[PDB]
Every structure is written in C-alpha cells, then in structure tokens.
Amino acid sequence: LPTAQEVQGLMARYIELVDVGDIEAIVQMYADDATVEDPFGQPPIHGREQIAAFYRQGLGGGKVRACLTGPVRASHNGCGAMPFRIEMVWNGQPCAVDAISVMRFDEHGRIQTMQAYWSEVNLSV
C-alpha cells in the first residue's frame, strides 16, 4: 500500500504516461480488476482489457498532452487526488479539459479505482 509520498509519485507518473501516450504502460499501472469512472457519473468500466480500450480510444489519436496543474494531494490510506489538464484535438481545433483524478491504490501499488471529475463546463474548444 503506497505511502503518501509514493502516491504522489505514482499519480505524477500516471500523468507522465498519459502525456507521452504510452497505453501499455498506463494499463500496467492498473490492478487487473480495476474500475475506471471517467467522467464520474458514467457507468464504470472494469478490467484491463476494457481499460486498455478506453485509453486507446482517448490517446490512440496520437497528439494528446497532459499536465498537472497543481500538486498531488495524497492520503495515508493509499489514495490521492490531483488536478490536471488534458489537451487534445477534436475539430482540427485545439480543445482542452480541466479534470481531477481521484485514485485508490491496492497493497501492490496498482490502481484499484480511478475516478475523473469533469464535464462540459470544464471543456474548452
């Protein structure tokens, strides 16, 4: 179970992997039975294949950038939350999303649950 410092490291690493677009490396951060709710409010997806498909759809387009917009907030029970911004292209036009990711890690340091808070009010095209 990651310490608060280790959570800061892991969640920062996740953003780095999204930024360079390494689908396989992202998927390996997840527990094999992990759930993802992105955006929060939508039905969860379950398991590494479904999670792989999700990131392939989102990042497979090639030109996606992601960065922390503030520090990772970490707990002492293997959880954390971070503010970030994703920049993509739908239109040929640049668009961006401001989001917050909340993660719970398991006792092996893998992501058990991820929830991403955002909606169209956080979108700019």
# chains A, B, ... in the order shown; residues from 1 in each chain; ligands from 1
>>> residues_around(residues="residue A:65", least_positions_apart="2", cutoff="9 Å", atoms="only C-alpha atoms", output="list in words")
residues 18, 19, 20, 21, 63, 67, 85, 86, 87 and 88 of chain A
>>> write_last_selection(atoms="N, CA, C and O atoms", output="CSV table (one decimal), in the first residue's frame")
chain,number,residue,atom,x,y,z
A,18,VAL,N,0.3,9.4,-19.6
A,18,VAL,CA,-0.8,9.9,-20.4
A,18,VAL,C,-0.2,11.0,-21.4
A,18,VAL,O,-0.5,10.9,-22.6
A,19,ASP,N,0.7,11.8,-20.9
A,19,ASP,CA,1.3,12.9,-21.7
A,19,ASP,C,2.1,12.3,-22.9
A,19,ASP,O,2.0,12.8,-24.0
A,20,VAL,N,2.9,11.3,-22.7
A,20,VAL,CA,3.6,10.7,-23.8
A,20,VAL,C,2.8,9.7,-24.6
A,20,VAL,O,3.1,9.3,-25.7
A,21,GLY,N,1.6,9.3,-24.0
A,21,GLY,CA,0.7,8.4,-24.7
A,21,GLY,C,1.1,6.9,-24.7
A,21,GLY,O,0.8,6.2,-25.7
A,63,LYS,N,-1.9,12.7,-30.8
A,63,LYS,CA,-1.5,14.0,-30.3
A,63,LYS,C,-2.3,14.5,-29.0
A,63,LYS,O,-3.2,15.4,-29.1
A,67,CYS,N,-0.9,17.5,-18.3
A,67,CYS,CA,0.0,18.0,-17.2
A,67,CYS,C,-0.8,18.3,-15.9
A,67,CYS,O,-1.9,18.7,-15.9
A,85,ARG,N,-4.8,19.0,-16.6
A,85,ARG,CA,-5.4,19.5,-17.8
A,85,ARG,C,-5.0,18.6,-19.0
A,85,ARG,O,-3.8,18.2,-19.0
A,86,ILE,N,-5.9,18.2,-19.8
A,86,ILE,CA,-5.7,17.4,-21.0
A,86,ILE,C,-5.9,18.3,-22.2
A,86,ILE,O,-6.9,18.9,-22.3
A,87,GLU,N,-4.9,18.3,-23.1
A,87,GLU,CA,-5.1,19.0,-24.4
A,87,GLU,C,-5.2,18.0,-25.5
A,87,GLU,O,-4.3,17.2,-25.7
A,88,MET,N,-6.2,18.1,-26.3
A,88,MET,CA,-6.4,17.3,-27.5
A,88,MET,C,-6.8,18.0,-28.7
A,88,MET,O,-6.7,19.3,-28.7
>>> select_by_dssp(residues="stretch 2-109 of chain A", states="alpha helix (DSSP H)", output="PyMOL selection string")
chain A and resi 4-20+23-27+47-59
>>> write_last_selection(atoms="C-alpha atoms", output="PDB file, in the first residue's frame")
ATOM      1  CA  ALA A   4       1.578   9.432   0.839  1.00  0.00           C
ATOM      2  CA  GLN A   5       4.925  10.166  -0.842  1.00  0.00           C
ATOM      3  CA  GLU A   6       4.582   7.056  -3.016  1.00  0.00           C
ATOM      4  CA  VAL A   7       1.078   8.120  -4.012  1.00  0.00           C
ATOM      5  CA  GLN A   8       2.455  11.475  -5.127  1.00  0.00           C
ATOM      6  CA  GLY A   9       4.991   9.623  -7.233  1.00  0.00           C
ATOM      7  CA  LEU A  10       2.536   7.182  -8.762  1.00  0.00           C
ATOM      8  CA  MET A  11      -0.083   9.724  -9.676  1.00  0.00           C
ATOM      9  CA  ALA A  12       2.546  12.016 -11.219  1.00  0.00           C
ATOM     10  CA  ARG A  13       3.816   9.023 -13.182  1.00  0.00           C
ATOM     11  CA  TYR A  14       0.299   8.351 -14.483  1.00  0.00           C
ATOM     12  CA  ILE A  15       0.092  11.900 -15.880  1.00  0.00           C
ATOM     13  CA  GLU A  16       3.546  11.468 -17.473  1.00  0.00           C
ATOM     14  CA  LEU A  17       2.386   8.269 -19.181  1.00  0.00           C
ATOM     15  CA  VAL A  18      -0.791   9.942 -20.443  1.00  0.00           C
ATOM     16  CA  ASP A  19       1.318  12.851 -21.723  1.00  0.00           C
ATOM     17  CA  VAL A  20       3.629  10.684 -23.818  1.00  0.00           C
ATOM     18  CA  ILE A  23      -1.132   2.988 -23.467  1.00  0.00           C
ATOM     19  CA  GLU A  24       0.546  -0.238 -22.404  1.00  0.00           C
ATOM     20  CA  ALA A  25       2.406   1.447 -19.536  1.00  0.00           C
ATOM     21  CA  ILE A  26      -0.828   3.105 -18.355  1.00  0.00           C
ATOM     22  CA  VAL A  27      -2.700  -0.179 -18.396  1.00  0.00           C
ATOM     23  CA  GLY A  47     -10.698  -4.830 -16.055  1.00  0.00           C
ATOM     24  CA  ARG A  48      -7.532  -4.283 -18.017  1.00  0.00           C
ATOM     25  CA  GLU A  49      -8.914  -5.034 -21.497  1.00  0.00           C
ATOM     26  CA  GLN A  50     -11.776  -2.544 -21.100  1.00  0.00           C
ATOM     27  CA  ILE A  51      -9.356  -0.032 -19.597  1.00  0.00           C
ATOM     28  CA  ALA A  52      -6.905  -0.588 -22.467  1.00  0.00           C
ATOM     29  CA  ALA A  53      -9.702   0.050 -24.977  1.00  0.00           C
ATOM     30  CA  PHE A  54     -10.606   3.256 -23.172  1.00  0.00           C
ATOM     31  CA  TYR A  55      -7.097   4.694 -23.317  1.00  0.00           C
ATOM     32  CA  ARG A  56      -6.656   3.540 -26.936  1.00  0.00           C
ATOM     33  CA  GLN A  57      -9.803   5.482 -27.882  1.00  0.00           C
ATOM     34  CA  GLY A  58      -8.654   8.556 -25.982  1.00  0.00           C
ATOM     35  CA  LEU A  59      -4.935   8.598 -26.773  1.00  0.00           C
TER      36      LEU A  59
END
>>> residues_around(residues="residue A:114", least_positions_apart="6", cutoff="9 Å", atoms="only C-alpha atoms", output="PyMOL selection string")
chain A and resi 34-38+101-105
>>> residues_around(residues="residue A:107", least_positions_apart="4", cutoff="10 Å", atoms="only C-alpha atoms", output="PyMOL selection string")
chain A and resi 1-2+78+111-112
>>> select_by_dssp(residues="chain A", states="strand (DSSP E)", output="MDAnalysis selection string")
chainID A and resid 30:37 45:46 65:68 73:74 79:89 94:105 111:117 123:124
>>> closest_residue(among="A:106, A:94, A:22, A:99", to="residue A:121", atoms="only C-alpha atoms")
A:99
>>> atom_distance(atom1="atom CA of residue A:69", atom2="atom CA of residue A:115")
17.2 Å
